[PDB]
Each structure stands twice: as C-alpha cells, then as structure tokens.
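Let me begin by presenting the structure, written as structure tokens, before commenting on it.
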2 protein chains.
Amino acid sequence: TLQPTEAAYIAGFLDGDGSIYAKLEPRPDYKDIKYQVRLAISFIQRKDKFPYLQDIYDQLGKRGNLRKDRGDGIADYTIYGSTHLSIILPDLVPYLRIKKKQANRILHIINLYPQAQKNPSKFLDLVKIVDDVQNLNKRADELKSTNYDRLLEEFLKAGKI
Amino acid sequence: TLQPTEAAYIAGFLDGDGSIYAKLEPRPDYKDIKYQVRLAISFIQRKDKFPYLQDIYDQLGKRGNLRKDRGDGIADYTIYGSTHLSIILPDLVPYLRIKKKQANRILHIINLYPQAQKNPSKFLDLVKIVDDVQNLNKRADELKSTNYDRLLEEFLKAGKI
DNA sequence: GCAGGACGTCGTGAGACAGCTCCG
DNA sequence: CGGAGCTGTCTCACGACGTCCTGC
Ligand SMILES: [Ca+2]
Ligand SMILES: [Ca+2]
Ligand SMILES: [Ca+2]
C-alpha cells in the first residue's frame, strides 16, 4: 500500500498539475432533489508523459480513470466518488499544502452526504460546501459560485421549503 | 534540515509547477570561451500563493531568490548555480520523477564544470549536456538544441581548435 | 574576468470544470 | 433512481528560458 514519501510526492504533484473540485450536476431523472453532487481529484499532463500518470494510479490502488488523451493531446487521470476518495484523500491530506483545504472540504461533504440526500435542508448545507470548494479554486477577483443561492430559490419556488 | 516526505513533496511539486534547465550564456568580457554555462531550478505560481513558495524556500535553507511578482502577476523562486544546486539537487533527486534526468544532467554538468572551464575541448562536452537538458524540456517535435554545433564552428573559425 | 541576481516573455500545458453517457 | 465513467473546452498559469544588470 501507499508509502509516505510516495504519498508526499503525489501531494506535491497534485498541488501543481492537479485538481480537487466539487460540482453540482443536473439530474432530470431524479425525484425531489434533482442534482447529484459530484466530487473529484484529477492530475493533468501532456500525453507524452502519460506513464507518469499510470504510475500515480498504480500506487493509488488503481482507483479512478486514466485518459491518454482528452482530445487536445492532453492526458489526465480523474478519481470520482466518495468511495475512492474516502480511501485516497486521507493518505494525501497530511502532505497536501495548496489544495489541503479543498481536500478537507471534499471529506466534509463525504461525511455529510448520506443524511443530505433526502433532506432538502441539510442538502443546502452540503451545497454550501460545494460553493466553498469551487470558490477556493478561484482568484479572489472572479465571480463566486452560487449553487446554494440558485438552488434555494428553485427549492422555495417548488414547495420543498 | 530537509525531511524525507518534505523533499518528496517538493520533488512532486517541482515536477509539476517547476523547472530544471541549463543554458549557454554569452560573456563578451570573458577571454577565450566567451560563454558562461548557467544552471538552475525554479518554481512558478500565481502570486496569491507566494507563501507556499516562501515555504519551500525556507525548507531548502533560504537559498535562491523569491520573486513575489515577475511583473505579470506570477510569483517565482529560482535557484542558480552549482553551489546551491550541488546541495539541493541530491536531496530531491531520489523523489523526482518527471525531471529526474534533468536533475542528474545538472549534477553531471556541475561535476565537469571545473576542468571544462579553460579546456575548449572539455567545454564542448559540457556544452553537449546543456543541449541534452534543453532537449529533455522539449516536445520530441520541436527544433532540438545545438549550442554544440554553433560553438564548435565558432571555436574552429577562431583557432581554439 | 567571473558569476549571481533581475527583468521580461512567447507559447502552450495545463486546471476546473459543464455536459454527456452509461451502469444494475 | 443512484452513482460513476467518457467527451470535450474556455481561459488562463504556468514553464523554460533569453537578456540585461549587478558587484568584486
Ligand atoms: Ca499549477
Ligand atoms: Ca506541469
Ligand atoms: Ca502546472
């Protein structure tokens, strides 16, 4: 399993060529709350260095999806989902620096997600942390995410609250 | 001094946001061989994360030059010269992946620098390793370096050989 | 004559997603 | 429905220097 200096390297790389992010995705097929909250970490690189992704994917138990070419000659590696992530993030957080907060927020969401699914109220708190993470991945001079505001309205103007 | 996972993190980050390069600089004031060979590693980042550079810089022994703003809102940290590098690289080499070759080429260069100085022949070998590093930092589809060819002819047409 | 630091930059290699599709 | 993998992209944030400037 994952060694320390192996975990700290990955953290160092993630912090440079990588991403920890959360998004609110539309779910027309759903019932009450028509949005699944997605969670991910990703590594990005020019396709010719793909084997270096392959590496970081092997050491991480081969969780996630390797892509030798998004299409624009860039290769990447995305790990979706609270399952992979509840196992991966904790190994990395201690060494993460730039994206530590983001990671700690992802876990935060993972710990709150279960009871948040069918509770429109507690789901708003969850969606807040989606704003926090996206915000973290912004310059302090850009528009700030607003899924929380844009969804409380859809909520109210629909009965759920 | 520099702890293992600390060096591993830095290796990971250097492999992502950083750079190990060598360049042949002209010196109109030098006597025979009017080129100093320059060696460096650097770390690049948006100026709102300077403290993470400050961090790495403190961790290395405060060697190098932090620059809160190059001028285009991007901050960077650059370590010039065999002296810092002969101290820093060895700590990083074991955890470097993508740029490990570059790092060794720099050490190799530092190893031959002394005798290469006033030997136009041995300077040409040392110049070849400069071509090799710049080459490493290139797609395999761009013009390849050749300070070697451009300096051989120069030497020849000037008597040095 | 030597070497270290500052200044500026062209050109992409990234980041952080939105949207799409598929799964049992 | 409930989650998870595949497709494509705008917009910058990097890389890898070249170039001028120091001081002794
Ligand atoms: Ca980066
Ligand atoms: Ca990179
Ligand atoms: Ca980068």
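Chain naming here is simple, since letters A, B, ... match the order of the sequence lines and numbering starts at 1 in each. Computed from heavy atoms alone, side chains included, the values below leave out hydrogens, waters and symmetry copies.
Heavy atoms of A/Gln102 sit nowhere under 4.0 angstrom from any nucleic acid atom. Using a 4.0 Å heavy-atom criterion, one finds that B/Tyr113 contacts the sugar-phosphate atoms exclusively. Using a 4.0 Å heavy-atom cutoff across all strands shown, B/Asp76 reaches no nucleic acid atom at all. Counting any heavy atom pair closer than 4.0 Å across all strands shown, B/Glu25 reaches a base atom. A/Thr78 comes within 4.0 angstrom of no nucleic acid atom, judged by non-hydrogen atoms across all strands. Residue A/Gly16 is in sugar-phosphate contact alone, with no base atom involved, counting any heavy-atom pair closer than 4.0 Å across all strands shown. Backbone-only engagement by A/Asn65 is indicated by non-hydrogen atom pairs under 4.0 Å involving sugar-phosphate atoms exclusively. Counting any heavy atom pair closer than 4.0 Å across all strands shown, B/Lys99 reaches sugar-phosphate atoms only and no base atom. The residue B/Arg46 sits close only to the backbone: its heavy atoms come under 4.0 Å of sugar-phosphate atoms, none of a base.
Crowding of A/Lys68 atom NZ: a count of heavy atoms from other residues, nucleotides or ligands under 6.0 Å not exceeding 12.
OP1 or OP2 of D/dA4 sits under 4.0 Å from a side-chain N or O of A/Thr83.
For the pair B/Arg27 and B/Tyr35, the NZ or CZ position fails the cation-pi test of under 6.0 Å to the six-membered ring centre and within 45 degrees of the ring normal.
Considering only heavy atoms from C-beta on, B/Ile41 comes within 4.5 Å of B/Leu89 through its side chain. In this structure, B/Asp17 and B/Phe13 have side chains that are in contact, with non-hydrogen atoms separated by less than 4.5 Å. Residues B/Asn104 and B/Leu107 meet the side-chain proximity criterion, which asks for heavy atoms closer than 4.5 Å.
Note: B/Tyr77 and B/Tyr57 have perpendicular aromatic rings, judged against thresholds of 30 and 60 degrees for the angle between ring planes.
Residues from residues 118-149 of chain B that place a heavy atom under 4.0 Å from any atom of DNA chain C, listed by number: B/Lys118, B/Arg139.
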